[PDB]
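Peer 1: Below is the structure I would like to discuss, written out as structure tokens.
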Amino acid sequence: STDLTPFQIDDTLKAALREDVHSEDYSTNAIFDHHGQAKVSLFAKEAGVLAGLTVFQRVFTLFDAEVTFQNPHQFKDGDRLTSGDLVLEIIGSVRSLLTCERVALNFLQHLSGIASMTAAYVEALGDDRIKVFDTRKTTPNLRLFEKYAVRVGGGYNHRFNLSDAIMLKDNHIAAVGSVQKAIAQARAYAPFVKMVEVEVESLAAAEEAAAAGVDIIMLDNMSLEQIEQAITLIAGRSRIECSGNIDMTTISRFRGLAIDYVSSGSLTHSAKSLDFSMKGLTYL
Amino acid sequence: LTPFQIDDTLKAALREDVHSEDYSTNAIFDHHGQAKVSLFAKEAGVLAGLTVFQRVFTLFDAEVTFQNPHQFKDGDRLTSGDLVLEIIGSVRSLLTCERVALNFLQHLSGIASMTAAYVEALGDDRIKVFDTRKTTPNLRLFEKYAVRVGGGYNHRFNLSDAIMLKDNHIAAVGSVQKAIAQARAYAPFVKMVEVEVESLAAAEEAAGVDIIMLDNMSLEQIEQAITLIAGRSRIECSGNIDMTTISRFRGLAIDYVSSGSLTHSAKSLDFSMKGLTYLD
Amino acid sequence: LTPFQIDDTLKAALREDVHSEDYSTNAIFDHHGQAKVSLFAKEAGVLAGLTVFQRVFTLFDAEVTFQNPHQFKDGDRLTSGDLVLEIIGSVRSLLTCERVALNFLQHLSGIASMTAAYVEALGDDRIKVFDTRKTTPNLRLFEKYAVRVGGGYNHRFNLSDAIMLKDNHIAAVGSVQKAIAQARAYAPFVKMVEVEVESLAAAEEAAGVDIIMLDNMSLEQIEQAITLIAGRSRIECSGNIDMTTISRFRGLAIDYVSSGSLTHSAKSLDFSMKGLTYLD
Amino acid sequence: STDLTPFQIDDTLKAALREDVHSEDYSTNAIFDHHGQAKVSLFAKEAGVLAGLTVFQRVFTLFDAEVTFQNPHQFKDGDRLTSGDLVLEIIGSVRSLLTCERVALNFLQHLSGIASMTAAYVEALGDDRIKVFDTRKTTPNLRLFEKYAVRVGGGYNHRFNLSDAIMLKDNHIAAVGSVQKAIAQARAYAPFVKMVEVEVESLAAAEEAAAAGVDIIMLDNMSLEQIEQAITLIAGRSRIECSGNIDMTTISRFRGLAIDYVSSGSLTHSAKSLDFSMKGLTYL
Amino acid sequence: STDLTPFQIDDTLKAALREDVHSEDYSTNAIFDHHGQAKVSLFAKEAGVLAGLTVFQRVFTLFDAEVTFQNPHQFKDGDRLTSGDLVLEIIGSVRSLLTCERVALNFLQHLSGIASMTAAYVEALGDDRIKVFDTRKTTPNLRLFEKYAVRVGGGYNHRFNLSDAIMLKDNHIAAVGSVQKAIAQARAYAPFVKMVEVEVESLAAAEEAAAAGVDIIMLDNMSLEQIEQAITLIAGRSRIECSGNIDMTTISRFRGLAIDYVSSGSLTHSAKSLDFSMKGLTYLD
Amino acid sequence: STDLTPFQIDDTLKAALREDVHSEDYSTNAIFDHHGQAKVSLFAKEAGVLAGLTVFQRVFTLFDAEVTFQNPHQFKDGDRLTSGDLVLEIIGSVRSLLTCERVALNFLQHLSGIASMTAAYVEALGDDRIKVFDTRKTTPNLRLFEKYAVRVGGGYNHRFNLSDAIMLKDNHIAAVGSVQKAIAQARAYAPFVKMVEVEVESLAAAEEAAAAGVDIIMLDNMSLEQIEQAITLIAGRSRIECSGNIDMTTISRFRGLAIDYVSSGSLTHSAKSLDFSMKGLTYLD
């Protein structure tokens, strides 16, 4: 239930406005010399989950401080939507509303998309002892936001960057040759403060990895027969994570296993964005 | 894309992914020589932002280099199992900024691929496929390049490029004839003027505007409005456009259709970096 | 000008002028209250970038405030001895960023003033006075605003705004008819197309291009070329333009003349900050 | 005889290129698909002094590293120009030449203007025991460059910013009330490492300022009768500087006085920029 | 351990050079032409440990790319120094050497200080099953560097920032009331990717914390009699860390215990910087 | 002296917060809601001098504008401390207090350290006609702050960077050969706006330097017998500065001389940081 501070996001939005408005909004400024106060209604035009509503609002307030917001239904991020819902009313100068509308929508649409998609996976999974995590597969320079959308949607967050945890991918192991040797080497480097996860595409190597006592074992694209085998072979010495080919329709196979979490890329990188609609402009 | 254009974006993306150091990688640093890694396309589609992929590595580590055995270039078509690039340099330099590069390459090659699908699905090649300002924020420059690569074309980059008069704008002045005159007054002869129009009657009242946009009109109406415009302006179609739908416009004397989804709703393409080995 | 547009420029200008601290000022810091300072115009001309002047102070110190007794606004005319602004706040906050603010105000009000002189000197007000990309670097945004303020209008902001085809470009394709077709091919219907032309013959071959620029042609020739264009395109004049000269164009059916000097060769206006006193 | 390092200026030019080329040079890229190597000649189209030639060159090399430069006459900054002089030849890709030409010229024109103007003042002054300084009256975010142009032109540089020296303007004195008290207060704050200059519009206050032993006294807009009086009244306890209403035609009045330097704003803020010409493009 | 990449440090060094050289080096540029080239010797003037030598070199190369470096004794970071030692020779333009010398020496001095001090604690501790960690008590905007110096000096690194691990101080526990409940609540919030450390000032609470299976237990300023009790009471279910009142002279009391690591502030925040100097300027050929 | 403006410091502090909080404060956010508000007391835990209190406060306000500050004892920078002293009370959202506490304490500790150490040297010197200056030996990208701490502590400031004054070291003189010629050449290059200091390791050269009328003469590591000779030999034509081997215990030898100022590195580069702490968290009303 944790929003984003302005300090975190203010620098990013400001660039998004400068992006969309190099010199001035000619189309808007030509027609509305008035700076006349108006109200505009933000409608959801699709079913899903709301995310980054505060971000939507912050875009307007950064362009024009004197802009204000009625919220009749007390809608908040994480609340579910349906077509034809009045999420927000936006009041202020006509130019201030018509100019930074596109930029705000772009964030709202994009984030609410990720959240919605996460929620679909979570409900589609069904098992709620098993959790749905995300990745660093993200659209660049927006990781902060995209990870918030996943939280909002029912998901959880994996390490934020390379400095958070020690995750040993298949390259890393190939480079030291051994797994036992790779892990020992990681643990040497950062002794007690860093979690150590290992990617593993064979039952044999998962044994060897659990032996050297790693924190998380990631079963990369293994079969259902093999996952079950590997859980009892690990024998709970480490956490289990599943991954690969985890789409909307696949995820349900994990229901009922004693894995701890599945994780997915698509949530962040392949998310259809939700639709919202800007209409009902009227003076006030 | 020039480096000057993109450098400052990529540098922030690296600082994003590497706040302190790459513990996972640095823990395995050895005394070994340079290594080679192979970039494989793991999905069918179009390649875009390969130079961007390369620039990410060179910004982290200047001493990194690139073999390209098949002379793959942006816009070239891909299929699963294709060796696009080989990447040679220090092992930490490869394993660290691999993710950030893949994120750009995946994301851009996705857009390009999707554009190309719409272009081939449309079929008519007198009719062109344009994009929009519906884009993921602070990456507009890149996303528009991907659309070019994919066979598409670019609409105005921002609000300051052209004058586009939406339905709100017209409602506010009341008239269309008066709204356009008022736009043309405000800016000098240098700005294009496009007008959104949801009725045959109002499309007549427009045409000399530069572009007329038929917003979500029917096939019967579009065919009527083209002859009613009588080529005094450009015709654009929009709305209710999806991969399946786009094919209706095939054979009309419109100039271009345009779409959002290309930029905002693009499944990203898949690549991968497998095949790490030390050089001798 | 919005603060978002300008903030990052001004902040660098302050860091420029104040690398360590204002020793001269800080050495005299007291326990006194807020002071008031009066901004006087010390020369005749046009006021421009007053908001910019104010933003400089507020970026250094948010708690600074501004009385404006005569309701002076940008574009208003000045004369020597005029009280434009009074500035109230901490004494260090006033004395430190005074120079940086004056530099913007002086510089912008100069351009605006000079524009206004050309506009009044031209006399014909069917004919408009445009500017160029000849500008002092990294201040183009501001300098173009000053030209608007001064009665002028703005040409394309950069190379990506419009397609302007100079004499080199035409020489390179050989033909004009072919050069234009080739430009219009490259970009979509959204880019204006201007053509530079130093002969009556080549101006005929142009007009449908959007703007035709008569580069340094004679009065006899301009009058011939207007009727030869026959209003199929816009006419612009350029070259050999100075305050004294501009008056020849008075009465022609050209659409606009354009000039460099407005931006690059503008004597800056004079202001001053006298009349510091402590408030009670 | 000191140029500008790339490290000093590279960050500023890069912004100037991004300014002039938001997306691409459509006009150039439409016509020259060839990337065909060409040569272009930089001609001076006006008499004056050359400044920031290295800056001109750096603009090209930042856009395109593979660009090169023939200089047939060994022209350098500070060298005098005349109309119809071949300063530089510029060789490289056709797009690379036609695109960043404008940006480079803008610097070259602007700097060579300042230098030229400085040189005019210096020669017009005639006395070469007396020096011609500049100010912080500068076009913003280009102070570094403009001060270099003044050096090139025969002039010298006054404090770069507020942190260099302690200069007490008439406001500052008005704020402490006394001059004797203002100076003592400055000297207290920064004891031995900072020069202390004082602006003075009366003979009486110049006495008082020289008494309290300041490093420089600035005679702000005083008459010739008064300057002469004040020099012997100072009695060489401090340096003398003159200022105000120092234009092209005025400056000559100071010739033969025992002041140390005059100083001027206009050099930086009111400098007509020199003209250069780009022509003679041909393939190679 | 391993060096620092240029990409990590470049931006920091560039600001440090802009800091020291706002307009130009008048003192240097007045006396020396751009044409001449010279060699300068970096001497260590004090006994200690070398750290951030690559950083020293990167400062020169950022100012002037054409600068180069002879290293006759193959000195590297972590190597021990003594007074008079020729660490580096530095060759290039005279201005390029005399100008950015101070800025480089500042980094080298500062880092080599931390490393040296760490090494003193490590040797003073004596037990090498017990490790010496550092903290976030650091001089600001140089945490990256200071933590590298600690590695070089024989030490190890604690969490880099608040986002690395979950460390539950005494406030945090007071706020939930229970420890068992506080930990459960942390583990709930960040489920599997975050280590969980707990500060504990009583034997009783260390029992309850080890029960709920936390990753690290921090014995905050406990007595030697109590630490020895608490280790067997934890019974190795979790890691033990000691802290508080750990200076140069105290640290030796922990020698021989079955704690895993002690940790200290002073290493980063209260480190006398080592001395070097750049003498022996002469023109080449 | 005077405080630091926000405009001067804001950018530095903002990076220090981004440094310490890359993602979020998990430890804090897990245990405490955004709604609750509390008071926390800043206690000095050590004897010394207070410096950069405004900086401490600016760190909190940059994270969270709605944070506020009671100061019961009207403590200001330059005021003396002793253990147990209630310097500040800090009121606002619980997260806002617990998160940016470390970053603020780091600045306060570090600066108050320098100030304290300066003050020790000043009192240890005893002569108050003689002043204690600092140097560019500083921890990088914090020179602005460290120089303010020296002011606060009773000291004064030397040139900020290479562009401030012209200081001619022994290399510079060796390079022109003469001193009389070196100085003339400096004065030629930057004519009237730059102070000129000269380093001198021999009585003979101090004569020649005072002759050519330089602003400051620096007696580099000279003996007490020699300093006393050189002062009368300069005959007050220029300022005298002493330097080298000036530590806590040495400095007292200069007491009673007619030098103008001694100067030291250690003040900035080798300063033990003062201790504070933030204890006494409780919820308001």
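Ordered as shown in the structure tokens, chains take letters A, B, and onward, while each chain numbers its residues from 1 and ligands are numbered from 1 in the order shown.
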Leaving out segment 57-74 of chain C and any residue of its chain fewer than 4 positions from it, which residues lie within 7 Å of it when counting only C-alpha atoms, given as a VMD selection string?

Peer 2: (chain C and resid 47 to 50 84 to 89 93 97 149) or (chain F and resid 7)

Peer 1: Print the selection's residues with N, CA, C and O atoms to a file, as a CSV table (one decimal), in the first residue's frame.

Peer 2:
```
chain,number,residue,atom,x,y,z
C,47,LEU,N,10.7,45.8,-23.3
C,47,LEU,CA,11.0,44.8,-22.2
C,47,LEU,C,10.7,43.4,-22.7
C,47,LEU,O,9.7,43.1,-23.3
C,48,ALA,N,11.6,42.5,-22.4
C,48,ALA,CA,11.5,41.1,-22.6
C,48,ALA,C,12.2,40.2,-21.6
C,48,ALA,O,13.2,40.6,-21.1
C,49,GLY,N,11.6,39.1,-21.3
C,49,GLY,CA,12.1,38.1,-20.3
C,49,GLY,C,12.2,38.7,-18.9
C,49,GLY,O,13.2,38.6,-18.2
C,50,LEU,N,11.1,39.3,-18.5
C,50,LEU,CA,10.9,39.8,-17.1
C,50,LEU,C,10.7,38.6,-16.2
C,50,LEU,O,11.1,38.6,-15.0
C,84,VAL,N,10.8,49.4,-13.3
C,84,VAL,CA,10.2,48.2,-13.8
C,84,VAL,C,9.7,47.3,-12.7
C,84,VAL,O,8.5,46.8,-12.6
C,85,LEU,N,10.6,46.9,-11.8
C,85,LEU,CA,10.4,46.0,-10.7
C,85,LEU,C,11.0,46.5,-9.4
C,85,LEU,O,12.0,47.2,-9.4
C,86,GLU,N,10.4,46.1,-8.3
C,86,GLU,CA,11.0,46.1,-7.0
C,86,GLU,C,11.2,44.7,-6.5
C,86,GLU,O,10.3,43.9,-6.7
C,87,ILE,N,12.3,44.4,-5.9
C,87,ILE,CA,12.7,43.1,-5.6
C,87,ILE,C,13.0,43.0,-4.0
C,87,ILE,O,13.9,43.7,-3.6
C,88,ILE,N,12.2,42.2,-3.3
C,88,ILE,CA,12.3,42.1,-1.9
C,88,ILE,C,12.8,40.7,-1.4
C,88,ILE,O,12.1,39.7,-1.7
C,89,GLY,N,13.7,40.7,-0.5
C,89,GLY,CA,14.2,39.5,0.1
C,89,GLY,C,15.4,39.7,0.9
C,89,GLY,O,15.9,40.8,1.1
C,93,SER,N,20.7,37.1,-1.0
C,93,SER,CA,19.9,36.6,-2.2
C,93,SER,C,19.7,37.6,-3.3
C,93,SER,O,19.7,37.3,-4.5
C,97,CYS,N,22.6,36.9,-7.0
C,97,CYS,CA,22.1,36.6,-8.4
C,97,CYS,C,21.5,37.8,-9.2
C,97,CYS,O,20.8,37.5,-10.1
C,149,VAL,N,8.1,38.6,-28.8
C,149,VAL,CA,7.8,39.8,-27.9
C,149,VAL,C,8.0,41.1,-28.7
C,149,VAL,O,7.2,42.0,-28.6
F,7,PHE,N,20.8,26.8,-2.1
F,7,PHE,CA,21.3,26.7,-3.5
F,7,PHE,C,22.7,26.1,-3.7
F,7,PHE,O,22.9,25.2,-4.6
```

Peer 1: List the neighbours of segment 110-113 of chain C out to 8 Å using only C-alpha atoms; skip same-chain residues closer than 4 positions along the sequence, and give me the result as a list in words.

Peer 2: residues 45, 46, 47, 48, 75, 106, 117, 143, 146, 147, 148, 149, 150, 151, 262, 263, 266, 267, 268 and 269 of chain C

Peer 1: Residues of chain B near chain C: apply a cut-off of 8 Å, count only C-alpha atoms, and supply the list as a list in words.

Peer 2: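 Those within range of chain C come out as residues 153, 154, 155, 156, 161, 162, 188, 189, 190, 191, 192, 210, 211 and 234 of chain B.
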
Peer 1: Those residues you just picked out, can you put them in a file as a JSON list (two decimals), in the first residue's frame with N, CA, C and O atoms?

Peer 2:
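Listing of part14.json after writing:
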```
[["chain", "number", "residue", "atom", "x", "y", "z"],
["B", 153, "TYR", "N", 6.13, 5.01, -41.06],
["B", 153, "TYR", "CA", 6.57, 6.41, -41.13],
["B", 153, "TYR", "C", 6.20, 7.14, -39.87],
["B", 153, "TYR", "O", 5.43, 6.62, -39.04],
["B", 154, "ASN", "N", 6.76, 8.33, -39.72],
["B", 154, "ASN", "CA", 6.60, 9.12, -38.50],
["B", 154, "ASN", "C", 5.67, 10.30, -38.62],
["B", 154, "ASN", "O", 5.72, 11.04, -39.60],
["B", 155, "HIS", "N", 4.80, 10.42, -37.63],
["B", 155, "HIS", "CA", 3.92, 11.58, -37.48],
["B", 155, "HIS", "C", 4.72, 12.61, -36.72],
["B", 155, "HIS", "O", 5.84, 12.35, -36.35],
["B", 156, "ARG", "N", 4.13, 13.78, -36.49],
["B", 156, "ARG", "CA", 4.73, 14.80, -35.65],
["B", 156, "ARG", "C", 5.25, 14.23, -34.33],
["B", 156, "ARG", "O", 4.60, 13.42, -33.67],
["B", 161, "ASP", "N", 5.54, 20.43, -33.32],
["B", 161, "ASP", "CA", 5.94, 20.12, -34.71],
["B", 161, "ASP", "C", 4.90, 20.66, -35.67],
["B", 161, "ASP", "O", 5.19, 21.55, -36.46],
["B", 162, "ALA", "N", 3.70, 20.13, -35.56],
["B", 162, "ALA", "CA", 2.58, 20.52, -36.42],
["B", 162, "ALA", "C", 1.44, 21.04, -35.58],
["B", 162, "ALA", "O", 1.43, 20.93, -34.36],
["B", 188, "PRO", "N", 3.23, 30.81, -38.42],
["B", 188, "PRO", "CA", 3.61, 31.37, -39.66],
["B", 188, "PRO", "C", 3.35, 30.34, -40.75],
["B", 188, "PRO", "O", 2.98, 29.23, -40.39],
["B", 189, "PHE", "N", 3.65, 30.63, -42.00],
["B", 189, "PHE", "CA", 3.44, 29.64, -43.07],
["B", 189, "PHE", "C", 4.18, 28.33, -42.82],
["B", 189, "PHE", "O", 3.97, 27.37, -43.52],
["B", 190, "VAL", "N", 5.00, 28.22, -41.78],
["B", 190, "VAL", "CA", 5.88, 27.04, -41.62],
["B", 190, "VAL", "C", 5.23, 25.80, -40.97],
["B", 190, "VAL", "O", 5.76, 24.69, -41.06],
["B", 191, "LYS", "N", 4.09, 25.94, -40.31],
["B", 191, "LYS", "CA", 3.44, 24.75, -39.64],
["B", 191, "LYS", "C", 2.32, 24.07, -40.44],
["B", 191, "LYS", "O", 1.37, 24.71, -40.88],
["B", 192, "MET", "N", 2.45, 22.76, -40.66],
["B", 192, "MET", "CA", 1.33, 21.97, -41.23],
["B", 192, "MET", "C", 0.11, 22.10, -40.37],
["B", 192, "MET", "O", 0.22, 22.22, -39.17],
["B", 210, "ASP", "N", -4.03, 21.08, -44.73],
["B", 210, "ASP", "CA", -3.00, 20.23, -45.28],
["B", 210, "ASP", "C", -3.36, 18.73, -45.19],
["B", 210, "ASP", "O", -3.24, 17.99, -46.17],
["B", 211, "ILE", "N", -3.86, 18.32, -44.03],
["B", 211, "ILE", "CA", -4.30, 16.93, -43.81],
["B", 211, "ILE", "C", -5.70, 16.93, -43.18],
["B", 211, "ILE", "O", -6.01, 17.78, -42.35],
["B", 234, "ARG", "N", -4.90, 16.02, -47.94],
["B", 234, "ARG", "CA", -4.56, 14.62, -47.65],
["B", 234, "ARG", "C", -5.60, 13.97, -46.76],
["B", 234, "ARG", "O", -6.15, 14.63, -45.88]]
```

Peer 1: How close does each residue of chain F get to chain C, giving the shortest atom pair and distance in Å to one decimal for every residue with an atom at most 12 Å away, counting only C-alpha atoms, sorted by chain and residue number, as a Markdown table?

Peer 2:
```
| residue | atom | partner | partner_atom | distance |
| --- | --- | --- | --- | --- |
| F:1 | CA | C:27 | CA | 7.9 |
| F:2 | CA | C:26 | CA | 7.1 |
| F:3 | CA | C:26 | CA | 9.3 |
| F:4 | CA | C:21 | CA | 8.8 |
| F:5 | CA | C:61 | CA | 8.3 |
| F:6 | CA | C:61 | CA | 7.9 |
| F:7 | CA | C:60 | CA | 5.5 |
| F:8 | CA | C:21 | CA | 7.7 |
| F:9 | CA | C:20 | CA | 10.5 |
| F:10 | CA | C:60 | CA | 10.7 |
| F:11 | CA | C:11 | CA | 10.8 |
| F:141 | CA | C:20 | CA | 11.9 |
| F:142 | CA | C:20 | CA | 11.1 |
| F:143 | CA | C:20 | CA | 9.0 |
| F:144 | CA | C:20 | CA | 6.5 |
| F:145 | CA | C:20 | CA | 9.9 |
| F:146 | CA | C:20 | CA | 11.9 |
| F:147 | CA | C:20 | CA | 10.0 |
| F:148 | CA | C:21 | CA | 10.5 |
| F:157 | CA | C:23 | CA | 11.3 |
| F:159 | CA | C:20 | CA | 10.4 |
| F:160 | CA | C:20 | CA | 7.5 |
| F:161 | CA | C:20 | CA | 9.3 |
| F:163 | CA | C:19 | CA | 10.8 |
| F:164 | CA | C:20 | CA | 10.2 |
```

Peer 1: Kindly export the residues of the current selection with C-alpha atoms, as an mmCIF file, in the first residue's frame.

Peer 2:
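New file out.cif:
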```cif
data_model
loop_
_atom_site.group_PDB
_atom_site.id
_atom_site.type_symbol
_atom_site.label_atom_id
_atom_site.label_comp_id
_atom_site.auth_asym_id
_atom_site.auth_seq_id
_atom_site.Cartn_x
_atom_site.Cartn_y
_atom_site.Cartn_z
ATOM 1 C CA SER F 1 31.046 33.699 9.569
ATOM 2 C CA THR F 2 27.874 32.681 7.680
ATOM 3 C CA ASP F 3 25.785 29.642 6.832
ATOM 4 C CA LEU F 4 25.423 27.738 3.642
ATOM 5 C CA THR F 5 22.620 28.657 1.237
ATOM 6 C CA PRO F 6 20.409 25.828 0.078
ATOM 7 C CA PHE F 7 21.254 26.660 -3.532
ATOM 8 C CA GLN F 8 24.981 25.911 -2.818
ATOM 9 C CA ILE F 9 24.356 22.489 -1.195
ATOM 10 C CA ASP F 10 21.005 21.046 -2.463
ATOM 11 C CA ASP F 11 22.465 19.057 -5.395
ATOM 12 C CA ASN F 141 33.576 16.789 -3.844
ATOM 13 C CA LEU F 142 33.002 18.225 -0.395
ATOM 14 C CA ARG F 143 35.481 21.089 -0.392
ATOM 15 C CA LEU F 144 32.794 23.721 -0.004
ATOM 16 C CA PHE F 145 31.506 22.116 3.195
ATOM 17 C CA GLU F 146 34.863 21.246 4.762
ATOM 18 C CA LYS F 147 36.065 24.881 4.306
ATOM 19 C CA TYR F 148 32.904 26.138 6.078
ATOM 20 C CA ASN F 157 40.354 29.760 4.382
ATOM 21 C CA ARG F 159 42.499 29.599 -1.911
ATOM 22 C CA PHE F 160 39.657 27.348 -2.875
ATOM 23 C CA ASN F 161 41.180 26.045 -6.066
ATOM 24 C CA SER F 163 42.034 29.420 -10.226
ATOM 25 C CA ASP F 164 41.746 31.523 -7.039
#
```

Peer 1: Should the cut-off be 10 Å, what would the residue list for chain E against chain A look like, counting only C-alpha atoms, as a VMD selection string?

Peer 2: chain E and resid 1 to 2 131 133 151 156 to 161 163 to 166 189 to 197 215 to 216 239 260 to 261

Peer 1: Can you pull out the residues contacting segment 46-55 of chain D? Cut-off 8 Å, using only C-alpha atoms, and skip same-chain residues under 3 positions away; I want them as a list in words.

Peer 2: residues 3, 4, 58, 59, 76, 77, 78, 79, 80, 81, 82, 83, 84, 104, 107, 108, 111, 112, 113, 115, 116, 119, 149, 152, 153, 274, 275 and 276 of chain D

Peer 1: Write a file of the just-selected residues containing N, CA and C atoms, as a CSV table (one decimal), in the first residue's frame.

Peer 2:
```csv
chain,number,residue,atom,x,y,z
D,3,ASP,N,44.8,27.8,-25.8
D,3,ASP,CA,43.6,27.3,-26.3
D,3,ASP,C,42.7,26.8,-25.3
D,4,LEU,N,41.5,26.3,-25.7
D,4,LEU,CA,40.6,25.6,-24.9
D,4,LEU,C,40.7,24.1,-25.0
D,58,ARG,N,36.2,21.3,-33.2
D,58,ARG,CA,35.7,20.4,-32.2
D,58,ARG,C,34.2,20.1,-32.5
D,59,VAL,N,33.5,21.1,-33.0
D,59,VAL,CA,32.1,20.8,-33.3
D,59,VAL,C,31.9,19.7,-34.3
D,76,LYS,N,45.8,30.7,-37.2
D,76,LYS,CA,45.5,30.3,-35.8
D,76,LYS,C,44.7,31.5,-35.2
D,77,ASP,N,44.1,31.2,-34.0
D,77,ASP,CA,43.4,32.2,-33.3
D,77,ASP,C,44.3,33.3,-33.0
D,78,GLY,N,43.7,34.5,-33.1
D,78,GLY,CA,44.5,35.8,-32.9
D,78,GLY,C,45.1,36.3,-34.1
D,79,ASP,N,45.1,35.5,-35.2
D,79,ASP,CA,45.7,36.0,-36.5
D,79,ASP,C,44.7,36.9,-37.1
D,80,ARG,N,45.1,37.9,-37.8
D,80,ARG,CA,44.2,38.9,-38.4
D,80,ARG,C,43.6,38.3,-39.7
D,81,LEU,N,42.4,38.7,-40.0
D,81,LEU,CA,41.6,38.3,-41.2
D,81,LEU,C,41.4,39.5,-42.1
D,82,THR,N,41.0,39.1,-43.3
D,82,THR,CA,40.5,40.0,-44.3
D,82,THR,C,39.5,39.3,-45.1
D,83,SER,N,38.6,40.1,-45.8
D,83,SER,CA,37.6,39.4,-46.7
D,83,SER,C,38.3,38.6,-47.8
D,84,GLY,N,37.7,37.5,-48.0
D,84,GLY,CA,38.2,36.6,-49.1
D,84,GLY,C,39.4,35.8,-48.6
D,104,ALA,N,28.8,25.2,-35.8
D,104,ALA,CA,30.2,25.6,-35.7
D,104,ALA,C,30.4,27.1,-36.1
D,107,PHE,N,29.5,29.6,-33.3
D,107,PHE,CA,30.6,29.8,-32.3
D,107,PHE,C,31.6,30.7,-32.9
D,108,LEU,N,32.1,30.3,-34.1
D,108,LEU,CA,33.3,31.0,-34.7
D,108,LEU,C,32.9,32.4,-34.9
D,111,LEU,N,32.6,34.3,-31.4
D,111,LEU,CA,33.9,34.5,-30.7
D,111,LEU,C,34.8,35.5,-31.4
D,112,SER,N,35.0,35.2,-32.7
D,112,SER,CA,35.8,36.1,-33.5
D,112,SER,C,35.3,37.5,-33.5
D,113,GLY,N,34.0,37.7,-33.2
D,113,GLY,CA,33.4,39.0,-33.1
D,113,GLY,C,33.9,39.8,-31.8
D,115,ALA,N,36.6,39.0,-30.1
D,115,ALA,CA,38.0,39.2,-30.2
D,115,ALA,C,38.3,40.4,-31.0
D,116,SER,N,37.6,40.5,-32.2
D,116,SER,CA,37.8,41.7,-33.1
D,116,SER,C,37.5,43.0,-32.4
D,119,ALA,N,40.2,44.0,-29.9
D,119,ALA,CA,41.4,44.5,-30.6
D,119,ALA,C,41.2,45.9,-31.1
D,149,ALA,N,38.0,34.8,-25.9
D,149,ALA,CA,37.9,35.7,-27.0
D,149,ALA,C,38.6,37.0,-26.7
D,152,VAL,N,42.4,36.5,-26.6
D,152,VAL,CA,42.8,36.5,-28.0
D,152,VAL,C,42.9,37.9,-28.6
D,153,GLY,N,41.9,38.7,-28.4
D,153,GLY,CA,41.8,40.1,-28.9
D,153,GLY,C,42.7,41.1,-28.4
D,274,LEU,N,31.4,38.6,-36.1
D,274,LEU,CA,32.1,38.6,-37.4
D,274,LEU,C,31.4,37.7,-38.3
D,275,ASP,N,31.6,37.9,-39.6
D,275,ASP,CA,31.1,37.1,-40.6
D,275,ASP,C,32.1,36.1,-41.2
D,276,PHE,N,31.6,34.9,-41.4
D,276,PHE,CA,32.3,33.9,-42.2
D,276,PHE,C,31.4,33.3,-43.2
```

Peer 1: When the cut-off is 6 Å and we count only C-alpha atoms, which residues of chain F are near chain E, given as a ChimeraX atom specification?

Peer 2: /F:16,20-21,23-25,27,30,140-141,161-163,166-167,186,270,272-273

Peer 1: Compile the residues of chain D that lie within 12 Å of chain A, evaluated using only C-alpha atoms, and express the compilation as a ChimeraX atom specification.

Peer 2: /D:19,22-23

Peer 1: Suppose we keep C-alpha atoms; can you now write the selection as a compact mmCIF listing (two decimals), in the first residue's frame?

Peer 2:
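And here's out-v3.txt as it stands now:
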```txt
# COMPACT_ATOMS: atom_id res chain seq x y z
CA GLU D 19 19.66 21.87 -29.94
CA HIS D 22 16.42 17.25 -32.57
CA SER D 23 15.75 14.15 -34.71
```
